[PDB]
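Listing of run_16.cif, mmCIF, C-alpha atoms
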data_my_file
#
loop_
_atom_site.group_PDB
_atom_site.id
_atom_site.type_symbol
_atom_site.label_atom_id
_atom_site.label_comp_id
_atom_site.auth_asym_id
_atom_site.auth_seq_id
_atom_site.Cartn_x
_atom_site.Cartn_y
_atom_site.Cartn_z
ATOM 1 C CA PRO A 8 -45.682 34.542 9.033
ATOM 2 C CA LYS A 9 -46.711 38.117 8.114
ATOM 3 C CA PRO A 10 -46.658 39.061 4.418
ATOM 4 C CA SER A 11 -43.405 40.667 3.340
ATOM 5 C CA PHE A 12 -42.477 42.305 0.053
ATOM 6 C CA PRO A 13 -43.109 41.001 -2.571
ATOM 7 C CA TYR A 14 -46.766 40.485 -1.664
ATOM 8 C CA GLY A 15 -48.569 37.414 -2.964
ATOM 9 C CA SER A 16 -52.223 38.381 -3.233
ATOM 10 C CA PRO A 17 -54.243 41.496 -4.227
ATOM 11 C CA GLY A 18 -55.339 41.693 -0.569
ATOM 12 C CA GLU A 19 -51.795 41.878 0.897
ATOM 13 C CA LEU A 20 -50.799 44.810 -1.334
ATOM 14 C CA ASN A 21 -54.017 46.370 -0.031
ATOM 15 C CA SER A 22 -52.415 46.584 3.388
ATOM 16 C CA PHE A 23 -48.997 47.849 2.266
ATOM 17 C CA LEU A 24 -48.937 51.559 3.131
ATOM 18 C CA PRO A 25 -46.618 52.683 0.248
ATOM 19 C CA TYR A 26 -49.011 51.215 -2.354
ATOM 20 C CA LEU A 27 -52.100 52.742 -0.729
ATOM 21 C CA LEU A 28 -50.477 56.156 -0.405
ATOM 22 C CA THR A 29 -49.881 56.329 -4.143
ATOM 23 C CA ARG A 30 -53.222 55.068 -5.541
ATOM 24 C CA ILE A 31 -54.939 57.615 -3.317
ATOM 25 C CA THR A 32 -52.542 60.456 -4.167
ATOM 26 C CA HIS A 33 -52.783 59.810 -7.880
ATOM 27 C CA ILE A 34 -56.530 59.963 -7.252
ATOM 28 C CA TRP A 35 -56.588 63.218 -5.285
ATOM 29 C CA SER A 36 -54.150 64.896 -7.636
ATOM 30 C CA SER A 37 -56.043 63.668 -10.693
ATOM 31 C CA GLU A 38 -59.568 64.839 -9.837
ATOM 32 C CA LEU A 39 -58.235 68.188 -8.607
ATOM 33 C CA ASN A 40 -56.015 69.179 -11.524
ATOM 34 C CA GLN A 41 -58.972 68.785 -13.869
ATOM 35 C CA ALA A 42 -61.411 70.580 -11.577
ATOM 36 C CA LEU A 43 -58.732 73.255 -11.118
ATOM 37 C CA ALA A 44 -58.235 73.266 -14.876
ATOM 38 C CA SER A 45 -61.320 75.509 -14.945
ATOM 39 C CA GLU A 46 -59.897 78.252 -12.705
ATOM 40 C CA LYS A 47 -56.556 77.394 -14.274
ATOM 41 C CA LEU A 48 -54.900 78.122 -10.954
ATOM 42 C CA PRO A 49 -52.882 74.963 -11.552
ATOM 43 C CA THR A 50 -51.739 72.594 -8.819
ATOM 44 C CA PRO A 51 -48.311 74.243 -9.302
ATOM 45 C CA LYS A 52 -49.651 77.655 -8.340
ATOM 46 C CA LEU A 53 -52.053 76.065 -5.826
ATOM 47 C CA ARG A 54 -49.480 74.128 -3.831
ATOM 48 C CA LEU A 55 -47.185 77.136 -3.305
ATOM 49 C CA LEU A 56 -49.821 79.600 -2.124
ATOM 50 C CA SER A 57 -51.155 76.893 0.181
ATOM 51 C CA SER A 58 -47.724 76.498 1.837
ATOM 52 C CA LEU A 59 -47.082 80.250 2.297
ATOM 53 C CA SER A 60 -50.616 80.539 3.637
ATOM 54 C CA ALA A 61 -49.664 77.876 6.216
ATOM 55 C CA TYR A 62 -46.080 78.772 7.131
ATOM 56 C CA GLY A 63 -46.164 82.482 6.369
ATOM 57 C CA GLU A 64 -42.848 83.533 4.905
ATOM 58 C CA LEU A 65 -40.839 80.782 3.192
ATOM 59 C CA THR A 66 -37.593 80.416 1.265
ATOM 60 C CA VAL A 67 -37.824 78.966 -2.213
ATOM 61 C CA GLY A 68 -35.985 75.859 -1.088
ATOM 62 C CA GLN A 69 -38.590 75.483 1.650
ATOM 63 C CA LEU A 70 -41.507 76.053 -0.753
ATOM 64 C CA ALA A 71 -40.203 73.312 -3.063
ATOM 65 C CA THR A 72 -40.162 71.065 -0.014
ATOM 66 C CA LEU A 73 -43.605 71.587 1.560
ATOM 67 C CA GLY A 74 -45.015 71.935 -1.959
ATOM 68 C CA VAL A 75 -43.480 68.627 -3.109
ATOM 69 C CA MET A 76 -41.731 70.419 -6.003
ATOM 70 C CA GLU A 77 -38.381 70.642 -7.746
ATOM 71 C CA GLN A 78 -36.255 73.674 -6.756
ATOM 72 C CA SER A 79 -36.033 75.164 -10.248
ATOM 73 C CA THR A 80 -39.704 74.615 -11.015
ATOM 74 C CA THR A 81 -40.703 76.169 -7.723
ATOM 75 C CA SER A 82 -38.651 79.282 -8.523
ATOM 76 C CA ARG A 83 -40.300 79.523 -11.954
ATOM 77 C CA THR A 84 -43.787 79.141 -10.559
ATOM 78 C CA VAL A 85 -42.661 81.714 -7.903
ATOM 79 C CA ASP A 86 -41.653 84.423 -10.376
ATOM 80 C CA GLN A 87 -45.065 83.902 -11.931
ATOM 81 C CA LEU A 88 -47.133 84.395 -8.773
ATOM 82 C CA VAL A 89 -44.964 87.448 -8.104
ATOM 83 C CA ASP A 90 -45.477 88.946 -11.549
ATOM 84 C CA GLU A 91 -49.174 87.928 -11.460
ATOM 85 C CA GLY A 92 -49.360 89.833 -8.152
ATOM 86 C CA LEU A 93 -50.224 86.831 -5.960
ATOM 87 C CA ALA A 94 -47.001 86.764 -3.928
ATOM 88 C CA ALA A 95 -44.061 89.127 -3.358
ATOM 89 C CA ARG A 96 -40.428 88.901 -2.270
ATOM 90 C CA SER A 97 -38.910 89.917 1.081
ATOM 91 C CA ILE A 98 -36.052 88.989 3.464
ATOM 92 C CA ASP A 102 -35.076 88.478 10.171
ATOM 93 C CA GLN A 103 -32.190 86.814 8.258
ATOM 94 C CA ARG A 104 -30.854 87.254 4.708
ATOM 95 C CA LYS A 105 -31.502 84.908 1.802
ATOM 96 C CA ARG A 106 -34.399 85.274 -0.698
ATOM 97 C CA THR A 107 -37.803 84.575 0.948
ATOM 98 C CA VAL A 108 -41.359 84.789 -0.463
ATOM 99 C CA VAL A 109 -44.579 86.080 1.129
ATOM 100 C CA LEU A 110 -48.276 86.046 0.393
ATOM 101 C CA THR A 111 -49.933 89.263 -0.803
ATOM 102 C CA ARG A 112 -53.541 90.299 -0.206
ATOM 103 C CA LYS A 113 -54.199 89.409 -3.859
ATOM 104 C CA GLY A 114 -52.926 85.898 -3.049
ATOM 105 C CA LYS A 115 -55.072 85.380 0.054
ATOM 106 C CA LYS A 116 -58.296 86.092 -1.860
ATOM 107 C CA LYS A 117 -57.259 83.828 -4.737
ATOM 108 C CA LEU A 118 -56.813 81.028 -2.206
ATOM 109 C CA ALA A 119 -60.073 81.867 -0.426
ATOM 110 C CA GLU A 120 -61.864 81.458 -3.766
ATOM 111 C CA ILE A 121 -60.571 77.974 -4.605
ATOM 112 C CA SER A 122 -60.728 76.922 -0.994
ATOM 113 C CA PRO A 123 -64.433 75.955 -1.177
ATOM 114 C CA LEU A 124 -63.533 73.479 -3.897
ATOM 115 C CA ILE A 125 -60.556 71.907 -2.149
ATOM 116 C CA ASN A 126 -62.578 71.241 1.001
ATOM 117 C CA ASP A 127 -65.481 69.727 -0.881
ATOM 118 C CA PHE A 128 -62.993 67.353 -2.492
ATOM 119 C CA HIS A 129 -61.540 66.490 0.935
ATOM 120 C CA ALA A 130 -65.044 65.600 2.123
ATOM 121 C CA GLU A 131 -65.625 63.274 -0.825
ATOM 122 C CA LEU A 132 -62.159 61.809 -0.418
ATOM 123 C CA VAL A 133 -62.673 60.953 3.229
ATOM 124 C CA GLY A 134 -66.284 60.013 2.370
ATOM 125 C CA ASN A 135 -68.000 58.162 5.210
ATOM 126 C CA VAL A 136 -64.958 56.986 7.196
ATOM 127 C CA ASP A 137 -65.298 57.067 10.974
ATOM 128 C CA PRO A 138 -64.215 60.539 12.111
ATOM 129 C CA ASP A 139 -62.295 59.252 15.157
ATOM 130 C CA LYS A 140 -60.532 56.672 12.998
ATOM 131 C CA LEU A 141 -59.689 59.307 10.418
ATOM 132 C CA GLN A 142 -58.037 61.139 13.328
ATOM 133 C CA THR A 143 -55.996 58.058 14.147
ATOM 134 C CA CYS A 144 -55.037 57.737 10.496
ATOM 135 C CA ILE A 145 -53.916 61.367 10.112
ATOM 136 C CA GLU A 146 -51.948 61.302 13.388
ATOM 137 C CA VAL A 147 -50.206 58.156 12.175
ATOM 138 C CA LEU A 148 -49.415 59.709 8.783
ATOM 139 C CA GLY A 149 -48.318 62.857 10.593
ATOM 140 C CA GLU A 150 -46.054 60.820 12.847
ATOM 141 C CA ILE A 151 -44.698 58.979 9.775
ATOM 142 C CA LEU A 152 -43.829 62.236 8.005
ATOM 143 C CA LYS A 153 -41.996 63.459 11.109
ATOM 144 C CA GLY A 154 -39.760 60.380 11.261
ATOM 145 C CA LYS A 155 -38.986 60.425 7.551
ATOM 146 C CA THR A 156 -37.851 64.060 7.545
ATOM 147 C CA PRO B 10 -63.248 72.860 11.676
ATOM 148 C CA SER B 11 -60.081 73.812 9.800
ATOM 149 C CA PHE B 12 -59.663 74.507 6.074
ATOM 150 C CA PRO B 13 -58.063 77.895 5.672
ATOM 151 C CA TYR B 14 -54.615 76.380 6.169
ATOM 152 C CA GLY B 15 -52.947 79.160 8.094
ATOM 153 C CA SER B 16 -50.869 76.878 10.257
ATOM 154 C CA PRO B 17 -48.425 74.003 9.930
ATOM 155 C CA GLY B 18 -50.330 71.948 12.507
ATOM 156 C CA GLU B 19 -53.439 72.345 10.330
ATOM 157 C CA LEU B 20 -51.737 71.680 7.003
ATOM 158 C CA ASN B 21 -49.932 68.684 8.474
ATOM 159 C CA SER B 22 -53.299 67.310 9.560
ATOM 160 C CA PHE B 23 -54.720 67.686 6.058
ATOM 161 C CA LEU B 24 -54.854 64.122 4.705
ATOM 162 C CA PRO B 25 -54.108 65.077 1.104
ATOM 163 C CA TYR B 26 -51.025 67.062 2.241
ATOM 164 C CA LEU B 27 -49.682 64.133 4.214
ATOM 165 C CA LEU B 28 -50.635 61.710 1.420
ATOM 166 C CA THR B 29 -48.556 63.818 -1.012
ATOM 167 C CA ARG B 30 -45.500 64.477 1.108
ATOM 168 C CA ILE B 31 -45.235 60.862 2.184
ATOM 169 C CA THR B 32 -45.792 59.439 -1.302
ATOM 170 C CA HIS B 33 -42.976 61.575 -2.689
ATOM 171 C CA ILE B 34 -40.502 60.508 0.016
ATOM 172 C CA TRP B 35 -41.005 56.749 -0.596
ATOM 173 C CA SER B 36 -40.704 56.590 -4.365
ATOM 174 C CA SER B 37 -37.762 58.980 -4.578
ATOM 175 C CA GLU B 38 -35.923 56.885 -2.001
ATOM 176 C CA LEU B 39 -36.589 53.633 -3.775
ATOM 177 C CA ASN B 40 -36.102 54.916 -7.304
ATOM 178 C CA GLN B 41 -32.785 56.292 -6.049
ATOM 179 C CA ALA B 42 -31.808 53.234 -3.974
ATOM 180 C CA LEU B 43 -32.602 50.818 -6.824
ATOM 181 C CA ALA B 44 -31.211 53.061 -9.539
ATOM 182 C CA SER B 45 -28.395 50.618 -10.253
ATOM 183 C CA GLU B 46 -30.873 47.759 -10.671
ATOM 184 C CA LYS B 47 -32.536 50.083 -13.151
ATOM 185 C CA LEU B 48 -35.804 49.614 -11.301
ATOM 186 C CA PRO B 49 -37.341 53.113 -11.096
ATOM 187 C CA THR B 50 -40.713 53.174 -9.293
ATOM 188 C CA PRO B 51 -42.588 52.550 -12.614
ATOM 189 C CA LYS B 52 -41.081 49.167 -13.615
ATOM 190 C CA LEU B 53 -40.951 48.185 -9.957
ATOM 191 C CA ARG B 54 -44.604 49.174 -9.390
ATOM 192 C CA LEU B 55 -45.777 46.920 -12.191
ATOM 193 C CA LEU B 56 -43.689 43.939 -11.172
ATOM 194 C CA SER B 57 -44.787 44.604 -7.626
ATOM 195 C CA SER B 58 -48.384 44.316 -8.800
ATOM 196 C CA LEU B 59 -47.795 41.327 -11.068
ATOM 197 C CA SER B 60 -46.439 39.574 -8.003
ATOM 198 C CA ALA B 61 -49.474 40.435 -5.920
ATOM 199 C CA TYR B 62 -52.106 39.976 -8.668
ATOM 200 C CA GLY B 63 -50.751 37.295 -10.976
ATOM 201 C CA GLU B 64 -52.018 38.182 -14.426
ATOM 202 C CA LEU B 65 -53.198 41.567 -15.624
ATOM 203 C CA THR B 66 -54.037 43.063 -18.986
ATOM 204 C CA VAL B 67 -51.851 45.918 -20.155
ATOM 205 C CA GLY B 68 -54.832 47.849 -18.802
ATOM 206 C CA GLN B 69 -55.034 46.566 -15.234
ATOM 207 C CA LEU B 70 -51.312 47.239 -15.010
ATOM 208 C CA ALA B 71 -52.172 50.834 -15.957
ATOM 209 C CA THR B 72 -54.750 51.312 -13.190
ATOM 210 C CA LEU B 73 -52.794 49.552 -10.439
ATOM 211 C CA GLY B 74 -49.661 51.467 -11.470
ATOM 212 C CA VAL B 75 -51.420 54.834 -11.815
ATOM 213 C CA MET B 76 -50.269 55.348 -15.404
ATOM 214 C CA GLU B 77 -51.462 55.767 -18.978
ATOM 215 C CA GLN B 78 -51.962 52.580 -21.047
ATOM 216 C CA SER B 79 -49.248 53.724 -23.444
ATOM 217 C CA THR B 80 -46.611 54.602 -20.841
ATOM 218 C CA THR B 81 -47.568 51.369 -19.090
ATOM 219 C CA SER B 82 -47.408 49.503 -22.387
ATOM 220 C CA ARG B 83 -43.877 50.897 -22.628
ATOM 221 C CA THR B 84 -43.007 50.126 -19.000
ATOM 222 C CA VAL B 85 -44.312 46.624 -19.739
ATOM 223 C CA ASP B 86 -42.087 46.369 -22.821
ATOM 224 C CA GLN B 87 -38.891 47.203 -20.915
ATOM 225 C CA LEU B 88 -39.657 44.374 -18.477
ATOM 226 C CA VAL B 89 -40.222 41.819 -21.270
ATOM 227 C CA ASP B 90 -36.847 42.897 -22.667
ATOM 228 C CA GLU B 91 -35.011 43.103 -19.339
ATOM 229 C CA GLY B 92 -36.024 39.467 -18.842
ATOM 230 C CA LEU B 93 -38.607 39.990 -16.095
ATOM 231 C CA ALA B 94 -42.032 39.533 -17.723
ATOM 232 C CA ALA B 95 -43.845 37.793 -20.573
ATOM 233 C CA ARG B 96 -46.884 38.670 -22.682
ATOM 234 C CA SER B 97 -49.340 35.802 -22.456
ATOM 235 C CA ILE B 98 -52.929 34.726 -23.071
ATOM 236 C CA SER B 99 -56.033 34.492 -20.885
ATOM 237 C CA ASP B 100 -57.733 31.179 -20.058
ATOM 238 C CA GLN B 103 -60.447 33.890 -23.915
ATOM 239 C CA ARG B 104 -57.793 36.104 -25.538
ATOM 240 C CA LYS B 105 -57.132 39.271 -23.530
ATOM 241 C CA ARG B 106 -53.485 40.333 -23.789
ATOM 242 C CA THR B 107 -52.002 39.796 -20.321
ATOM 243 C CA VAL B 108 -48.671 39.968 -18.537
ATOM 244 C CA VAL B 109 -46.874 37.816 -15.953
ATOM 245 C CA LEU B 110 -43.555 37.642 -14.079
ATOM 246 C CA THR B 111 -40.803 35.328 -15.358
ATOM 247 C CA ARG B 112 -38.454 33.118 -13.383
ATOM 248 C CA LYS B 113 -35.856 35.933 -13.481
ATOM 249 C CA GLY B 114 -38.461 38.575 -12.687
ATOM 250 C CA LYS B 115 -39.718 36.582 -9.722
ATOM 251 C CA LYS B 116 -36.160 36.129 -8.478
ATOM 252 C CA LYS B 117 -35.503 39.851 -8.990
ATOM 253 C CA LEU B 118 -38.179 41.060 -6.571
ATOM 254 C CA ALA B 119 -36.811 38.302 -4.350
ATOM 255 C CA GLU B 120 -33.247 39.633 -4.535
ATOM 256 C CA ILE B 121 -34.636 43.123 -3.957
ATOM 257 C CA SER B 122 -37.023 42.437 -1.089
ATOM 258 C CA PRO B 123 -34.720 43.105 1.881
ATOM 259 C CA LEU B 124 -34.320 46.625 0.557
ATOM 260 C CA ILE B 125 -38.041 47.273 0.159
ATOM 261 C CA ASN B 126 -39.000 45.715 3.496
ATOM 262 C CA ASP B 127 -36.137 47.628 5.108
ATOM 263 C CA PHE B 128 -37.373 50.872 3.557
ATOM 264 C CA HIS B 129 -40.861 49.879 4.687
ATOM 265 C CA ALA B 130 -39.638 49.183 8.204
ATOM 266 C CA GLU B 131 -37.966 52.634 8.083
ATOM 267 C CA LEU B 132 -41.218 54.287 6.952
ATOM 268 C CA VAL B 133 -43.834 52.766 9.243
ATOM 269 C CA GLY B 134 -41.529 51.461 11.954
ATOM 270 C CA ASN B 135 -42.101 53.231 15.256
ATOM 271 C CA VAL B 136 -45.797 54.019 14.886
ATOM 272 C CA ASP B 137 -48.027 52.216 17.359
ATOM 273 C CA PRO B 138 -48.816 49.005 15.390
ATOM 274 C CA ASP B 139 -52.532 49.370 16.191
ATOM 275 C CA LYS B 140 -52.628 53.029 15.237
ATOM 276 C CA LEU B 141 -50.948 51.874 12.045
ATOM 277 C CA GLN B 142 -53.434 49.088 11.330
ATOM 278 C CA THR B 143 -56.212 51.691 11.667
ATOM 279 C CA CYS B 144 -54.305 54.039 9.374
ATOM 280 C CA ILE B 145 -54.152 51.224 6.839
ATOM 281 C CA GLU B 146 -57.861 50.268 7.159
ATOM 282 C CA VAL B 147 -58.936 53.859 6.611
ATOM 283 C CA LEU B 148 -56.742 54.425 3.567
ATOM 284 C CA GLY B 149 -58.256 51.246 2.144
ATOM 285 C CA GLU B 150 -61.748 52.407 2.978
ATOM 286 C CA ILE B 151 -61.229 55.848 1.434
ATOM 287 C CA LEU B 152 -59.986 54.342 -1.860
ATOM 288 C CA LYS B 153 -62.519 51.509 -2.280
ATOM 289 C CA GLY B 154 -65.233 54.181 -2.373
ATOM 290 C CA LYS B 155 -63.466 55.904 -5.288
ATOM 291 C CA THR B 156 -62.419 53.119 -7.701
ATOM 292 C CA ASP B 157 -63.436 49.624 -6.672
ATOM 293 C CA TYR B 158 -60.249 48.649 -8.575
#

What is this file in structure tokens?
Amino acid sequence: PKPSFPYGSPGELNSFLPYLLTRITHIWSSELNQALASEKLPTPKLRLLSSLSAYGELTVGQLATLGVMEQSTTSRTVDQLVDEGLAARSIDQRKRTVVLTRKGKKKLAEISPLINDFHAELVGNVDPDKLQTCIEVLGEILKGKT
Amino acid sequence: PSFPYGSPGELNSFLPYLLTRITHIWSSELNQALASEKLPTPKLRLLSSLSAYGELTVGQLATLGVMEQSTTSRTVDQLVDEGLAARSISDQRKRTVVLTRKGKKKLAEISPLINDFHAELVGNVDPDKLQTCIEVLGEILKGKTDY
């Protein structure tokens, strides 16, 4: 009779994906905001460059999506990176899209070494080929939920 | 080898990007869904944990619920006043917190929604791929906190 919500031991919760996702995400996001605090290229500014670096030219609605951010906040953090010279505006079709500038690449490239090193500690000593299974699963899950 | 995330396929294979996107989807859905039961993911998280754990200090509720002892202490105080929890005493004197009869019945009344959301979330993944996914996420975390 598999365990169903609500779970009845500490060990059952330990196998409930939605609980695991959050303890680990609070953990990644916690250790990184305070190691980023140094460069003070905040998670806000980090997330958005990361997404444009990956998808190329994005709308602000799209940035708030990939970047897991509110639409207004995105746009604020976007006018920053523009005025700080890290991204610029453009327009293909016609609504208001954002792009990465050469200034923005380099900024990324600089923090990059830190992000990776955190990834490696995160993953720690997990089996590689099981960490491939896990990230294909999670990638399948994010496809079916949007 | 992959870091410089210059592609979706690469980003979307970055565990902390998946971990973030997926986490946000789940709690916004449930917070929203349960908004009439006034069970936003905070209050629900704690009760969830009280169910699974049994008796936690204001402090273990903080860890498990990824919050600050004050905000938790406040989340805890809504639940004692909504009729879903009770501040108790350890079998020593560390200030702990349990579910009530109404609180227990509340997660019970709620469960079809959560398990339905959970079925939605992790539904059509190969069940063995999923078990592995779960083992790994549990491995990864153990190594960080041990609680």

With a distance cut-off of 8 Å and all atoms listed in the file, select the neighbouring residues of region 32-41 of chain A, excluding the residue or stretch itself and same-chain residues fewer than 6 positions from it, and output the selection as an NGL selection string.
(:A and (49-50 or 125 or 128 or 132)) or (:B and (25 or 28-29 or 32 or 75))

Using the chain letters and numbering of this document, enumerate as a PyMOL selection string the residues selected by the PyMOL selection byres ((chain A) within 8 of (chain B)).
chain A and resi 11-17+19-25+27-33+35+57+60-63+73+75+119+122+126+129+132-134+136+140-141+143-152+154-155

Once the PyMOL selection byres ((chain A and resi 89-105) around 10) has been applied to the shown file, what residues remain in the selection, as an MDAnalysis selection string?
chainID A and resid 52 55:56 59 64:67 83:88 106:118

CA of residue 98 (chain B) and CA of residue 67 (chain B) are how many Å apart?
11.6 Å

Any idea what the distance is between CA of residue 139 (chain A) and CA of residue 10 (chain B)?
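Those two atoms sit 14.1 Å apart.
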
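Take CA of residue 18 (chain A) and CA of residue 86 (chain B): the distance between them is 26.3 Å.
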
Evaluate the PyMOL selection byres ((chain B and resi 97) around 10) and record the selected residues as a short mmCIF file (atom, residue, chain, number, x, y, z; two decimals) with C-alpha atoms, keeping the file's coordinate frame, following the chain and residue labels used in the document.
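Saved as part19.cif:
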data_model
loop_
_atom_site.label_atom_id
_atom_site.label_comp_id
_atom_site.auth_asym_id
_atom_site.auth_seq_id
_atom_site.Cartn_x
_atom_site.Cartn_y
_atom_site.Cartn_z
CA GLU B 64 -52.02 38.18 -14.43
CA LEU B 65 -53.20 41.57 -15.62
CA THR B 66 -54.04 43.06 -18.99
CA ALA B 94 -42.03 39.53 -17.72
CA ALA B 95 -43.84 37.79 -20.57
CA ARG B 96 -46.88 38.67 -22.68
CA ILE B 98 -52.93 34.73 -23.07
CA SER B 99 -56.03 34.49 -20.88
CA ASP B 100 -57.73 31.18 -20.06
CA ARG B 104 -57.79 36.10 -25.54
CA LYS B 105 -57.13 39.27 -23.53
CA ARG B 106 -53.48 40.33 -23.79
CA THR B 107 -52.00 39.80 -20.32
CA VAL B 108 -48.67 39.97 -18.54
CA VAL B 109 -46.87 37.82 -15.95
#

Please produce region 94-114 of chain B, completed to N, CA, C and O atoms, as a compact mmCIF listing (two decimals), in the frame of the given file.
# COMPACT_ATOMS: atom_id res chain seq x y z
N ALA B 94 -40.60 39.69 -17.47
CA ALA B 94 -42.03 39.53 -17.72
C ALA B 94 -42.28 38.91 -19.09
O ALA B 94 -41.38 38.87 -19.92
N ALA B 95 -43.50 38.45 -19.32
CA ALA B 95 -43.84 37.79 -20.57
C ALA B 95 -45.30 38.04 -20.94
O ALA B 95 -46.19 37.85 -20.12
N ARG B 96 -45.53 38.45 -22.19
CA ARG B 96 -46.88 38.67 -22.68
C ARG B 96 -47.55 37.35 -23.03
O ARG B 96 -47.04 36.57 -23.83
N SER B 97 -48.71 37.11 -22.41
CA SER B 97 -49.34 35.80 -22.46
C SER B 97 -50.75 35.82 -23.05
O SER B 97 -51.06 36.61 -23.94
N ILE B 98 -51.60 34.94 -22.53
CA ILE B 98 -52.93 34.73 -23.07
C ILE B 98 -53.86 34.26 -21.96
O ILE B 98 -53.49 33.42 -21.12
N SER B 99 -55.08 34.80 -21.94
CA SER B 99 -56.03 34.49 -20.88
C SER B 99 -56.73 33.14 -21.11
O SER B 99 -56.92 32.71 -22.25
N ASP B 100 -57.10 32.49 -20.01
CA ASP B 100 -57.73 31.18 -20.06
C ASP B 100 -59.21 31.33 -20.37
O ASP B 100 -59.77 32.42 -20.24
N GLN B 103 -60.31 32.76 -23.01
CA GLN B 103 -60.45 33.89 -23.92
C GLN B 103 -59.11 34.30 -24.53
O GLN B 103 -58.20 33.48 -24.66
N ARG B 104 -59.00 35.57 -24.90
CA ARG B 104 -57.79 36.10 -25.54
C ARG B 104 -57.54 37.58 -25.22
O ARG B 104 -57.35 38.39 -26.12
N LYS B 105 -57.54 37.93 -23.93
CA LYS B 105 -57.13 39.27 -23.53
C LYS B 105 -55.64 39.29 -23.23
O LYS B 105 -55.13 38.46 -22.48
N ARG B 106 -54.94 40.25 -23.83
CA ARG B 106 -53.48 40.33 -23.79
C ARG B 106 -52.95 40.67 -22.39
O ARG B 106 -53.01 41.82 -21.95
N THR B 107 -52.43 39.65 -21.71
CA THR B 107 -52.00 39.80 -20.32
C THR B 107 -50.50 39.61 -20.11
O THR B 107 -49.75 39.30 -21.03
N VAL B 108 -50.07 39.80 -18.86
CA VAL B 108 -48.67 39.97 -18.54
C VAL B 108 -48.36 39.34 -17.19
O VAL B 108 -49.03 39.60 -16.20
N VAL B 109 -47.31 38.51 -17.16
CA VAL B 109 -46.87 37.82 -15.95
C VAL B 109 -45.39 38.05 -15.65
O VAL B 109 -44.65 38.56 -16.48
N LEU B 110 -44.97 37.66 -14.44
CA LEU B 110 -43.56 37.64 -14.08
C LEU B 110 -42.89 36.39 -14.65
O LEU B 110 -43.54 35.35 -14.80
N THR B 111 -41.60 36.48 -14.94
CA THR B 111 -40.80 35.33 -15.36
C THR B 111 -40.08 34.72 -14.17
O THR B 111 -40.21 35.19 -13.04
N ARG B 112 -39.31 33.67 -14.42
CA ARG B 112 -38.45 33.12 -13.38
C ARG B 112 -37.42 34.15 -12.90
O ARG B 112 -37.18 34.28 -11.69
N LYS B 113 -36.82 34.89 -13.84
CA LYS B 113 -35.86 35.93 -13.48
C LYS B 113 -36.54 37.11 -12.79
O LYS B 113 -36.02 37.66 -11.82
N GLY B 114 -37.71 37.49 -13.29
CA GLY B 114 -38.46 38.58 -12.69
C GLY B 114 -38.85 38.25 -11.26
O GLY B 114 -38.71 39.08 -10.36
